[PDB]
file coords-v2.txt (compact mmCIF, C-alpha atoms)
# COMPACT_ATOMS: atom_id res chain seq x y z
CA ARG A 5 21.64 -3.62 -4.97
CA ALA A 6 23.07 -3.96 -8.46
CA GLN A 7 21.15 -3.27 -11.65
CA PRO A 8 21.95 -3.82 -15.34
CA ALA A 9 23.58 -0.97 -17.23
CA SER A 10 20.35 -0.47 -19.22
CA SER A 11 18.49 0.28 -15.97
CA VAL A 12 20.63 3.33 -15.21
CA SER A 13 19.79 4.84 -18.59
CA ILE A 14 16.09 3.96 -18.48
CA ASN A 15 15.74 5.44 -14.98
CA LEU A 16 16.95 8.80 -16.32
CA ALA A 17 14.42 8.63 -19.17
CA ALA A 18 11.63 7.65 -16.78
CA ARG A 19 12.55 10.51 -14.46
CA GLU A 20 11.94 13.05 -17.23
CA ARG A 21 8.48 11.56 -17.81
CA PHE A 22 7.71 11.57 -14.08
CA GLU A 23 8.87 15.19 -13.79
CA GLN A 24 6.55 16.22 -16.64
CA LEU A 25 3.60 14.29 -15.22
CA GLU A 26 4.18 15.81 -11.79
CA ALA A 27 4.57 19.34 -13.19
CA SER A 28 1.09 18.99 -14.78
CA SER A 29 -0.52 17.47 -11.71
CA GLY A 30 -0.94 20.23 -9.12
CA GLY A 31 0.83 18.03 -6.59
CA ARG A 32 3.83 15.86 -5.77
CA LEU A 33 4.54 12.36 -7.12
CA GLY A 34 6.64 9.58 -5.62
CA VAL A 35 7.51 6.32 -7.35
CA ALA A 36 9.68 3.28 -6.68
CA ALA A 37 9.49 0.24 -8.96
CA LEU A 38 11.61 -2.90 -9.28
CA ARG A 39 11.85 -5.64 -11.89
CA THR A 40 12.77 -8.51 -9.60
CA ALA A 41 14.24 -10.77 -12.34
CA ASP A 42 17.27 -8.52 -12.91
CA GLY A 43 17.13 -5.59 -10.49
CA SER A 44 16.11 -2.98 -13.05
CA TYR A 45 14.63 -0.09 -11.13
CA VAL A 46 13.05 3.33 -11.42
CA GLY A 47 12.70 5.88 -8.66
CA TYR A 48 11.27 9.39 -8.42
CA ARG A 49 11.19 11.18 -5.03
CA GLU A 50 11.64 7.65 -3.77
CA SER A 51 12.98 8.79 -0.35
CA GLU A 52 10.52 11.60 0.31
CA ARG A 53 7.67 11.30 2.79
CA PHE A 54 4.11 10.98 1.49
CA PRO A 55 0.83 10.49 3.40
CA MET A 56 0.24 6.75 3.66
CA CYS A 57 -3.53 7.00 4.10
CA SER A 58 -4.77 3.43 4.53
CA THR A 59 -1.68 1.87 2.91
CA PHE A 60 -0.48 1.27 6.48
CA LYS A 61 -2.87 -1.68 6.56
CA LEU A 62 -0.35 -3.85 4.68
CA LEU A 63 1.95 -3.74 7.69
CA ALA A 64 -0.93 -4.21 10.13
CA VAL A 65 -2.16 -7.39 8.42
CA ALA A 66 1.41 -8.64 7.96
CA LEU A 67 2.10 -8.28 11.70
CA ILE A 68 -1.08 -10.17 12.54
CA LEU A 69 -0.13 -12.90 10.05
CA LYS A 70 3.34 -13.09 11.61
CA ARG A 71 1.82 -13.44 15.06
CA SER A 72 -0.61 -16.10 13.79
CA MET A 73 2.40 -18.32 13.05
CA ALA A 74 2.78 -18.74 16.83
CA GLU A 75 -0.73 -17.83 18.07
CA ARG A 76 -2.94 -20.54 16.64
CA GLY A 77 -6.48 -19.33 16.20
CA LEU A 78 -5.48 -15.65 16.05
CA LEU A 79 -7.26 -15.25 12.71
CA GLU A 80 -10.42 -16.82 14.16
CA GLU A 81 -10.61 -14.45 17.14
CA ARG A 82 -13.84 -12.47 17.03
CA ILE A 83 -13.89 -8.68 17.51
CA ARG A 84 -17.12 -6.82 18.28
CA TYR A 85 -17.70 -3.09 17.78
CA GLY A 86 -20.51 -0.54 17.87
CA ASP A 87 -21.94 1.74 15.19
CA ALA A 88 -20.02 4.64 16.77
CA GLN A 89 -16.76 2.98 15.69
CA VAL A 90 -17.85 2.53 12.08
CA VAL A 91 -16.02 5.36 10.31
CA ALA A 92 -16.35 6.52 6.72
CA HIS A 93 -15.60 4.05 3.92
CA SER A 94 -16.41 0.86 5.83
CA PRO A 95 -18.49 -1.14 3.35
CA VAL A 96 -18.02 -4.53 5.09
CA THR A 97 -17.75 -3.72 8.79
CA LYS A 98 -20.88 -1.53 8.66
CA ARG A 99 -22.88 -4.76 8.17
CA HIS A 100 -21.62 -6.45 11.35
CA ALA A 101 -21.69 -3.86 14.12
CA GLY A 102 -23.27 -4.90 17.39
CA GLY A 103 -23.47 -8.46 18.68
CA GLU A 104 -22.32 -10.26 15.54
CA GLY A 105 -18.72 -9.01 15.16
CA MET A 106 -16.11 -10.20 12.67
CA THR A 107 -13.08 -12.43 12.95
CA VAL A 108 -9.55 -11.06 12.64
CA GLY A 109 -9.22 -12.87 9.31
CA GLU A 110 -12.51 -11.45 8.02
CA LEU A 111 -11.35 -7.99 9.12
CA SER A 112 -8.05 -8.51 7.29
CA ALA A 113 -9.92 -9.47 4.11
CA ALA A 114 -12.22 -6.44 4.44
CA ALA A 115 -9.29 -4.07 5.00
CA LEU A 116 -7.29 -5.42 2.04
CA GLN A 117 -10.12 -5.98 -0.45
CA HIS A 118 -12.52 -3.12 0.19
CA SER A 119 -10.24 -0.58 1.90
CA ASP A 120 -12.51 -0.93 4.89
CA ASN A 121 -11.37 1.85 7.22
CA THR A 122 -13.06 0.49 10.34
CA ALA A 123 -11.48 -2.92 9.69
CA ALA A 124 -8.07 -1.25 9.52
CA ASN A 125 -8.76 0.55 12.81
CA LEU A 126 -9.94 -2.60 14.57
CA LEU A 127 -6.86 -4.52 13.45
CA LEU A 128 -4.61 -1.63 14.51
CA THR A 129 -6.15 -1.66 17.98
CA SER A 130 -5.93 -5.44 18.16
CA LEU A 131 -2.20 -5.44 17.45
CA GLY A 132 -1.45 -2.69 19.98
CA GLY A 133 -1.73 0.61 18.10
CA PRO A 134 0.46 2.80 15.91
CA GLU A 135 3.60 2.68 18.06
CA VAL A 136 3.58 -1.12 18.02
CA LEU A 137 3.12 -1.05 14.25
CA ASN A 138 6.03 1.40 13.88
CA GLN A 139 8.20 -0.98 15.90
CA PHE A 140 7.23 -3.77 13.50
CA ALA A 141 8.18 -1.57 10.54
CA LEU A 142 11.57 -0.92 12.11
CA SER A 143 11.98 -4.66 12.75
CA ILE A 144 11.68 -5.36 9.01
CA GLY A 145 14.18 -2.66 8.08
CA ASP A 146 11.74 0.20 7.40
CA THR A 147 12.97 3.39 9.06
CA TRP A 148 10.52 5.65 7.19
CA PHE A 149 7.07 4.25 8.08
CA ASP A 150 5.62 6.58 10.73
CA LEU A 151 2.00 5.96 11.71
CA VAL A 152 0.56 8.30 14.33
CA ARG A 153 -3.22 8.39 13.93
CA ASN A 154 -5.95 6.01 12.75
CA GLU A 155 -8.77 6.44 10.31
CA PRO A 156 -10.21 8.80 9.20
CA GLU A 157 -7.67 11.29 10.54
CA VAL A 158 -4.72 9.51 8.86
CA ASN A 159 -6.22 10.40 5.50
CA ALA A 160 -6.06 14.17 6.12
CA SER A 161 -2.86 14.39 4.03
CA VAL A 162 -2.19 18.02 4.98
CA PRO A 163 0.66 19.34 2.78
CA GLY A 164 3.84 19.49 4.82
CA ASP A 165 2.54 17.28 7.65
CA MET A 166 5.06 14.51 8.16
CA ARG A 167 2.87 12.44 10.50
CA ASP A 168 1.32 9.29 9.00
CA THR A 169 3.87 9.12 6.17
CA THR A 170 6.25 6.73 4.49
CA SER A 171 8.47 6.78 1.43
CA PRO A 172 7.82 4.97 -1.87
CA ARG A 173 11.11 3.07 -1.61
CA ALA A 174 10.44 2.00 1.99
CA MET A 175 7.04 0.63 1.05
CA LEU A 176 8.44 -1.10 -2.06
CA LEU A 177 11.02 -2.80 0.14
CA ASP A 178 8.32 -3.84 2.61
CA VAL A 179 6.09 -5.30 -0.13
CA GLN A 180 9.05 -7.26 -1.48
CA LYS A 181 10.08 -8.49 1.96
CA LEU A 182 6.57 -9.47 3.07
CA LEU A 183 5.40 -11.16 -0.13
CA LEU A 184 8.52 -12.21 -2.06
CA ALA A 185 11.05 -13.23 0.60
CA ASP A 186 10.98 -15.70 3.45
CA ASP A 187 12.45 -13.69 6.34
CA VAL A 188 9.22 -12.36 7.94
CA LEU A 189 6.21 -14.47 6.92
CA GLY A 190 6.04 -18.18 6.25
CA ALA A 191 4.96 -19.57 2.91
CA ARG A 192 1.29 -20.08 3.84
CA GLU A 193 1.08 -16.58 5.32
CA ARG A 194 2.64 -14.95 2.25
CA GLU A 195 0.16 -16.83 0.09
CA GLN A 196 -2.78 -15.61 2.20
CA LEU A 197 -1.57 -12.01 2.10
CA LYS A 198 -1.10 -12.28 -1.67
CA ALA A 199 -4.55 -13.83 -2.15
CA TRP A 200 -6.18 -11.03 -0.18
CA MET A 201 -4.36 -8.34 -2.18
CA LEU A 202 -5.10 -10.03 -5.53
CA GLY A 203 -8.76 -9.76 -4.60
CA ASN A 204 -8.66 -6.02 -3.91
CA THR A 205 -11.61 -4.20 -5.49
CA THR A 206 -10.41 -0.59 -4.94
CA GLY A 207 -7.56 -0.47 -7.48
CA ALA A 208 -9.35 -0.49 -10.84
CA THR A 209 -8.42 3.11 -11.72
CA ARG A 210 -4.77 2.96 -10.55
CA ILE A 211 -2.01 0.40 -11.29
CA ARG A 212 -4.53 -2.09 -12.72
CA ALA A 213 -5.73 0.54 -15.20
CA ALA A 214 -2.19 0.84 -16.60
CA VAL A 215 -1.42 -2.79 -17.35
CA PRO A 216 -0.55 -2.89 -21.08
CA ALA A 217 -2.26 -6.14 -22.12
CA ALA A 218 -4.48 -8.95 -20.91
CA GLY A 219 -3.07 -11.69 -18.71
CA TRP A 220 -1.57 -9.58 -15.90
CA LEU A 221 -2.41 -9.88 -12.22
CA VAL A 222 -2.02 -7.19 -9.58
CA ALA A 223 -1.85 -7.74 -5.81
CA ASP A 224 -2.23 -4.23 -4.46
CA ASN A 225 -2.89 -1.97 -1.51
CA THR A 226 -4.46 1.45 -2.16
CA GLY A 227 -4.80 4.58 -0.08
CA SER A 228 -6.84 7.72 -0.64
CA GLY A 229 -7.05 11.03 1.13
CA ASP A 230 -7.70 14.74 0.99
CA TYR A 231 -5.61 17.14 -1.12
CA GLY A 232 -5.85 14.88 -4.17
CA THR A 233 -4.07 12.02 -2.42
CA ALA A 234 -4.03 8.68 -4.26
CA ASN A 235 -1.59 5.84 -3.54
CA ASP A 236 -1.17 2.29 -4.84
CA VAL A 237 1.48 -0.26 -3.85
CA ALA A 238 1.55 -3.66 -5.48
CA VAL A 239 3.23 -6.79 -6.64
CA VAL A 240 2.51 -7.08 -10.36
CA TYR A 241 2.59 -10.47 -12.12
CA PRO A 242 3.15 -10.06 -15.88
CA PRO A 243 2.72 -12.87 -18.39
CA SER A 244 5.64 -15.31 -18.33
CA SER A 245 7.69 -13.04 -16.10
CA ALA A 246 9.04 -12.76 -12.60
CA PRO A 247 7.15 -10.19 -10.50
CA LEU A 248 7.48 -6.43 -10.48
CA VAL A 249 7.10 -4.40 -7.29
CA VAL A 250 5.52 -0.96 -7.76
CA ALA A 251 4.91 1.76 -5.14
CA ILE A 252 3.23 5.00 -6.21
CA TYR A 253 2.27 7.85 -3.88
CA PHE A 254 0.67 11.07 -5.03
CA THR A 255 -0.41 13.97 -2.85
CA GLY A 256 -0.47 17.66 -2.18
CA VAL A 257 -3.06 19.28 -4.46
CA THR A 258 -4.97 22.20 -3.03
CA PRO A 259 -7.75 22.62 -2.13
CA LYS A 260 -8.45 19.95 0.48
CA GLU A 261 -11.53 18.79 -1.47
CA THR A 262 -9.56 17.81 -4.59
CA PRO A 263 -10.53 14.15 -5.12
CA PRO A 264 -7.88 11.43 -5.20
CA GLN A 265 -5.99 11.86 -8.48
CA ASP A 266 -6.33 8.28 -9.70
CA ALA A 267 -5.52 9.26 -13.30
CA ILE A 268 -2.08 10.49 -12.20
CA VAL A 269 -1.34 7.18 -10.47
CA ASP A 270 -2.49 5.33 -13.60
CA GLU A 271 -0.16 7.37 -15.81
CA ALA A 272 2.73 6.96 -13.39
CA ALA A 273 2.20 3.20 -13.57
CA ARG A 274 2.18 3.38 -17.37
CA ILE A 275 5.61 5.05 -17.22
CA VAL A 276 6.77 2.31 -14.85
CA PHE A 277 5.58 -0.51 -17.09
CA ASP A 278 7.21 1.14 -20.11
CA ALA A 279 10.51 1.48 -18.25
CA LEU A 280 10.42 -2.11 -16.98
CA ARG A 281 9.18 -3.76 -20.21
call {"tool": "encode", "arguments": {"input": "coords-v2.txt", "output": "structure tokens"}}
result
Amino acid sequence: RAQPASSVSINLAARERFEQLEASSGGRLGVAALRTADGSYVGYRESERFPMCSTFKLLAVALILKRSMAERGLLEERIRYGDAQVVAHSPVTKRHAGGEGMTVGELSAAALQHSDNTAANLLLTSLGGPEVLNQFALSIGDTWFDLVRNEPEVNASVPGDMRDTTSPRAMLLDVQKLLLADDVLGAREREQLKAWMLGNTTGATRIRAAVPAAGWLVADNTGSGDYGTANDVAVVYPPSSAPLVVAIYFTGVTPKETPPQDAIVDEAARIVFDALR
């Protein structure tokens, strides 16, 4: 797509800042960000593969929402599961194992608002597994998304492992297509997906931490993993402005036990907001 002349210059200036941040970081940084009003854009390693961690759950919930347009009551279907299926970082689903279960819509909310790993797994199984989700990615024009495992193994983020990866640009394009265009999801479904992502509670140290002033909203999707891995993909709603789309992936710090480098994602988002101001 086209961009204003200013965007070409600003992207070069942003790239120098991203290079310096990455050089300090111990790892590898990937960014794609778009100002939808005019097409201004910044990219850094935008077509490299990064571990998705649980950011795959955006496509999983989107596919279920697409199917719910024809399958009435899909979101009300109840799924039951045992304690043995409750994996790490499952703050909602751990309360409803056994006879009670959760509906598909409740699982979608838990996955998108609390990064509930078991919820993501249950939705992935419900839709038909990783290969079916990859086919959905391809159907929306995403040739990079490549899910192989489920949680917690997807979060392993081993440096050099290309399984369970996507690119920042591919995810940016997916966020735009699923939330800001009408070719995949209907208007009510886009609104529900947006409402779930606006209510995410796991993003306070990432893109949300970088917003420059009060009055901004962020509809995001985080992922976290081993080797310092911290990701955040979002639509950002600035005051009196058309939306921005921001996809940040960061990974690859040894040792394995390095915690997600949220502060790097925060700073990358600050560079983005400066470039797109």
call {"tool": "atom_distance", "arguments": {"input": "coords-v2.txt", "atom1": "CA of residue 15 (chain A)", "atom2": "CA of residue 48 (chain A)"}}
result
8.9 Å
call {"tool": "closest_residue", "arguments": {"input": "coords-v2.txt", "among": "A:250, A:223, A:41, A:91", "to": "residue 117 (chain A)", "atoms": "only C-alpha atoms"}}
result
A:223
call {"tool": "atom_distance", "arguments": {"input": "coords-v2.txt", "atom1": "CA of residue 82 (chain A)", "atom2": "CA of residue 130 (chain A)"}}
result
10.6 Å
call {"tool": "residues_near_point", "arguments": {"input": "coords-v2.txt", "point": "(-1.1, -6.9, -21.2)", "cutoff": "12 Å", "atoms": "all atoms listed in the file", "output": "PDB file with C-alpha atoms, in the frame of the given file"}}
result
ATOM      1  CA  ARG A 212      -4.530  -2.090 -12.720  1.00  0.00           C
ATOM      2  CA  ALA A 213      -5.730   0.540 -15.200  1.00  0.00           C
ATOM      3  CA  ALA A 214      -2.190   0.840 -16.600  1.00  0.00           C
ATOM      4  CA  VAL A 215      -1.420  -2.790 -17.350  1.00  0.00           C
ATOM      5  CA  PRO A 216      -0.550  -2.890 -21.080  1.00  0.00           C
ATOM      6  CA  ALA A 217      -2.260  -6.140 -22.120  1.00  0.00           C
ATOM      7  CA  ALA A 218      -4.480  -8.950 -20.910  1.00  0.00           C
ATOM      8  CA  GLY A 219      -3.070 -11.690 -18.710  1.00  0.00           C
ATOM      9  CA  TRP A 220      -1.570  -9.580 -15.900  1.00  0.00           C
ATOM     10  CA  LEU A 221      -2.410  -9.880 -12.220  1.00  0.00           C
ATOM     11  CA  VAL A 222      -2.020  -7.190  -9.580  1.00  0.00           C
ATOM     12  CA  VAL A 240       2.510  -7.080 -10.360  1.00  0.00           C
ATOM     13  CA  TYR A 241       2.590 -10.470 -12.120  1.00  0.00           C
ATOM     14  CA  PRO A 242       3.150 -10.060 -15.880  1.00  0.00           C
ATOM     15  CA  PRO A 243       2.720 -12.870 -18.390  1.00  0.00           C
ATOM     16  CA  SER A 244       5.640 -15.310 -18.330  1.00  0.00           C
ATOM     17  CA  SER A 245       7.690 -13.040 -16.100  1.00  0.00           C
ATOM     18  CA  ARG A 274       2.180   3.380 -17.370  1.00  0.00           C
ATOM     19  CA  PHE A 277       5.580  -0.510 -17.090  1.00  0.00           C
ATOM     20  CA  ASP A 278       7.210   1.140 -20.110  1.00  0.00           C
ATOM     21  CA  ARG A 281       9.180  -3.760 -20.210  1.00  0.00           C
TER      22      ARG A 281
END
call {"tool": "residues_around", "arguments": {"input": "coords-v2.txt", "residues": "region 159-169 of chain A", "least_positions_apart": "6", "cutoff": "8 Å", "atoms": "all atoms listed in the file", "output": "MDAnalysis selection string"}}
result
chainID A and resid 53:58 148:153 228:231 233 255:256 260
call {"tool": "atom_distance", "arguments": {"input": "coords-v2.txt", "atom1": "CA of residue 84 (chain A)", "atom2": "CA of residue 110 (chain A)"}}
result
12.2 Å
call {"tool": "residues_around", "arguments": {"input": "coords-v2.txt", "residues": "residue 267 (chain A)", "least_positions_apart": "4", "cutoff": "9 Å", "atoms": "only C-alpha atoms", "output": "JSON, numbers by chain"}}
result
{"A": [209, 210, 213, 271, 272]}
call {"tool": "residues_around", "arguments": {"input": "coords-v2.txt", "residues": "residue 52 (chain A)", "least_positions_apart": "5", "cutoff": "8 Å", "atoms": "all atoms listed in the file", "output": "compact mmCIF listing (two decimals) with C-alpha atoms, keeping the file's coordinate frame"}}
result
# COMPACT_ATOMS: atom_id res chain seq x y z
CA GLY A 34 6.64 9.58 -5.62
CA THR A 170 6.25 6.73 4.49
CA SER A 171 8.47 6.78 1.43
CA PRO A 172 7.82 4.97 -1.87
call {"tool": "build_atoms", "arguments": {"input": "coords-v2.txt", "residues": "region 110-128 of chain A", "atoms": "N, CA and C atoms", "output": "mmCIF file, keeping the file's coordinate frame"}}
result
data_model
loop_
_atom_site.group_PDB
_atom_site.id
_atom_site.type_symbol
_atom_site.label_atom_id
_atom_site.label_comp_id
_atom_site.auth_asym_id
_atom_site.auth_seq_id
_atom_site.Cartn_x
_atom_site.Cartn_y
_atom_site.Cartn_z
ATOM 1 N N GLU A 110 -11.494 -12.165 8.797
ATOM 2 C CA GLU A 110 -12.510 -11.450 8.020
ATOM 3 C C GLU A 110 -12.208 -9.955 7.981
ATOM 4 N N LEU A 111 -11.718 -9.405 9.097
ATOM 5 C CA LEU A 111 -11.350 -7.990 9.120
ATOM 6 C C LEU A 111 -10.164 -7.738 8.202
ATOM 7 N N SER A 112 -9.204 -8.667 8.172
ATOM 8 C CA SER A 112 -8.050 -8.510 7.290
ATOM 9 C C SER A 112 -8.486 -8.529 5.832
ATOM 10 N N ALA A 113 -9.382 -9.457 5.470
ATOM 11 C CA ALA A 113 -9.920 -9.470 4.110
ATOM 12 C C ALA A 113 -10.654 -8.170 3.782
ATOM 13 N N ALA A 114 -11.480 -7.669 4.711
ATOM 14 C CA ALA A 114 -12.220 -6.440 4.440
ATOM 15 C C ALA A 114 -11.271 -5.260 4.264
ATOM 16 N N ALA A 115 -10.252 -5.163 5.123
ATOM 17 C CA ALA A 115 -9.290 -4.070 5.000
ATOM 18 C C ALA A 115 -8.562 -4.131 3.660
ATOM 19 N N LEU A 116 -8.114 -5.320 3.249
ATOM 20 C CA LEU A 116 -7.290 -5.420 2.040
ATOM 21 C C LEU A 116 -8.106 -5.484 0.755
ATOM 22 N N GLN A 117 -9.388 -5.823 0.802
ATOM 23 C CA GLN A 117 -10.120 -5.980 -0.450
ATOM 24 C C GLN A 117 -11.147 -4.907 -0.698
ATOM 25 N N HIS A 118 -11.526 -4.163 0.330
ATOM 26 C CA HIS A 118 -12.520 -3.120 0.190
ATOM 27 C C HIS A 118 -12.053 -1.845 0.849
ATOM 28 N N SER A 119 -10.766 -1.749 1.197
ATOM 29 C CA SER A 119 -10.240 -0.580 1.900
ATOM 30 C C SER A 119 -11.158 -0.193 3.048
ATOM 31 N N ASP A 120 -11.566 -1.189 3.818
ATOM 32 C CA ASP A 120 -12.510 -0.930 4.890
ATOM 33 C C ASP A 120 -11.774 -0.266 6.039
ATOM 34 N N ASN A 121 -12.099 1.010 6.263
ATOM 35 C CA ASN A 121 -11.370 1.850 7.220
ATOM 36 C C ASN A 121 -11.580 1.383 8.648
ATOM 37 N N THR A 122 -12.814 0.995 8.991
ATOM 38 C CA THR A 122 -13.060 0.490 10.340
ATOM 39 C C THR A 122 -12.295 -0.813 10.562
ATOM 40 N N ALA A 123 -12.260 -1.690 9.553
ATOM 41 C CA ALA A 123 -11.480 -2.920 9.690
ATOM 42 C C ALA A 123 -10.021 -2.608 9.989
ATOM 43 N N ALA A 124 -9.441 -1.658 9.249
ATOM 44 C CA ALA A 124 -8.070 -1.250 9.520
ATOM 45 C C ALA A 124 -7.898 -0.755 10.947
ATOM 46 N N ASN A 125 -8.842 0.057 11.437
ATOM 47 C CA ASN A 125 -8.760 0.550 12.810
ATOM 48 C C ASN A 125 -8.848 -0.586 13.813
ATOM 49 N N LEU A 126 -9.772 -1.525 13.601
ATOM 50 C CA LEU A 126 -9.940 -2.600 14.570
ATOM 51 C C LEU A 126 -8.708 -3.481 14.619
ATOM 52 N N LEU A 127 -8.091 -3.732 13.468
ATOM 53 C CA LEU A 127 -6.860 -4.520 13.450
ATOM 54 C C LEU A 127 -5.727 -3.761 14.134
ATOM 55 N N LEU A 128 -5.635 -2.454 13.885
ATOM 56 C CA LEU A 128 -4.610 -1.630 14.510
ATOM 57 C C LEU A 128 -4.739 -1.663 16.023
#
